[PDB]
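Two forms, one chain: they're shown below as structure tokens, one block per form, named structure 1 and structure 2.
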Structure 1
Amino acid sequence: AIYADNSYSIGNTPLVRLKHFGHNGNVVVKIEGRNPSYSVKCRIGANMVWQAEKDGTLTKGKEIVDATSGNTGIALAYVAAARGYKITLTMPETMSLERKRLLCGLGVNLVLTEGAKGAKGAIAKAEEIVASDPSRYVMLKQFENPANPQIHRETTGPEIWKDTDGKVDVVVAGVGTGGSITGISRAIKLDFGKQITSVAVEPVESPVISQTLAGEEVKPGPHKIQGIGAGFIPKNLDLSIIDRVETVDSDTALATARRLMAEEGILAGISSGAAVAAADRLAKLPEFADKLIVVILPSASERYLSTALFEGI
């Protein structure tokens, strides 16, 4: 059909079988880089705006404010442009020129907060701007907004079900906001009624889901797997549908994304490498020999050209 604006074109991303991972083709990847602003977040940028519209919280003239410069910021930016909203994104003055340019290109009002304050300083500023005129500004809050996992339950999940003809046995997804694994798992286990294994992936450097579930002291840590490992349990992560948590280290995630490019011809991002590394480990366990493992690849390689993904390559 013909989409009325770019937000409506979200999803319908392809599944590609891996040849150099898994065992006898039991690992299949879902390419979320193929989306209107080239990541999985395009789905939630679209649906958080749509739902806010339906709820009356977003109206003509009101402006979006958020504190992200990552995939969600880019997603909200294209949606704001497509649907005629002003958007302000806050972020530390220390952000890359290339990302500022991308966001400025999409028409975003950039508010650069103090470098020394990092992400926290940006979050504060966004909240202070919203507090300045709550009748004018709306913060959509990707970590707790249920419209996030809801779009995955309505789109990403049913796409996996349909493209595998219901044969999917395992879903492997890195957890950032938790929306993907939550929505996908709700779709497949509840709407389609299949008792699959839902695998959350997190960095070994910041294994807060593993620590939580084990009743251990929660100890986040720095890592390089962009998009996952936020260092807390997000509200949009439904722990009740998680069957297994796999941890992956930053180096192996990076190495795996590079293997995806050079061995599979798949331009995967960093967290995509992490997710495939976790899935490859499961795929080589005899218990998963006859099981179809579907892996979310959240983003595309070119978004990481100034990162360690290509540094030294």
Structure 2
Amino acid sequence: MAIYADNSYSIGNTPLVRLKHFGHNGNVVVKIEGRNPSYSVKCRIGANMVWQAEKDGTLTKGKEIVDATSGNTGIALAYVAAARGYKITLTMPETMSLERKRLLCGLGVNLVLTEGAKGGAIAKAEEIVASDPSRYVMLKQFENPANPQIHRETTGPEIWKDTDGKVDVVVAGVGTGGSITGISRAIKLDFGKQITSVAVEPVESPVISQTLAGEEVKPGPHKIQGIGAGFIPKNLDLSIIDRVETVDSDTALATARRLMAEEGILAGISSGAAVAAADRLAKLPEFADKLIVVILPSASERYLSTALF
């Protein structure tokens, strides 16, 4: 029967909701990844990175997990570690919301946080696994192929299924790049439909836009938690990206607030950025009758400590 053996197996099957105050006559639909265990899209890769490491034998009983996170991946790995019986240590920038810090400790993580100015998180972590290489396993979400793979296997197929194959555009903020990569691979390659894959990054740190334009790559600070890593991650397949949209922090925050107040959707800051980007495309006659699906990575209550509220 439909009873999951632990909480890691209950990932996904998140709903699509049509927006009423964005887009043009309902052409913008949002995928609410806040409806997940640990309540972000990252639960998917928290699960699959652990499952994969188990299956190639890098993760065994007694081995301790390590990775670097801006929060949600950390919370995701923590619920999976707790559910499946692993010890776990994580690194994070000091500047991430208190909520992230708060429940990571409740989930029983040995927590380790780094200089906010350095973003830095990736650095010490590696320095930590070196301490006893067969004690610790680093899962490395920015380059681990188990990250986009679970999106190719679940998130993309769900989108295809729930839109009855009518999806024309996928809009997703880029952090690790796993979401837009896996989803795009599923729909374009597995189901065969030539959609428009749209990456979203902060205008303050538009390193994807700069790279593709062959300009000076200049990362910068921003408030859009979860995206804008300030470099091109290995798990972002540039070859499958058709378009890059930049969004500023203010507009991202205002849009998240609008999602709450006008749509009754409890979205996080990066969800506001993705919808703002989607709304701009949706109001181009060229997309005015395409079906645009927007990933909403996380939920509101994870950001009560931030500018969102």
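Here, rigid core means the biggest group of C-alpha atoms that superpose within 1.5 Å across both forms. Structure 1 provides the reference sequence; residues are numbered from 1 along it.
Which one moved? Candidates are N26, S250, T68, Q51, criterion is a Cα shift of 2 Å or more between structures 1 and 2 after superposing on the core.
With the rigid core fitted, the residue that moves is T68.
Core-superposed C-alpha of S96 shifting 2 Å or more between structures 1 and 2:
True for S96: a C-alpha shift of 2 Å or more.
Aligning on the core only, does the CA of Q226 end up 2 angstroms or more away between structures 1 and 2?
For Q226, whose C-alpha is compared between structures 1 and 2 after core superposition, the shift is less than 2 Å.
With a threshold of 2 Å on the C-alpha, tell me if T113 counts as moved between structures 1 and 2 once the core is superposed.
Yes; that C-alpha moves by at least 2 Å between structures 1 and 2.
Displacement in Å of the C-alpha of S132 between structures 1 and 2, rigid core kept as reference
The alpha-carbon displacement, core-superposed, is 1.3 Å.
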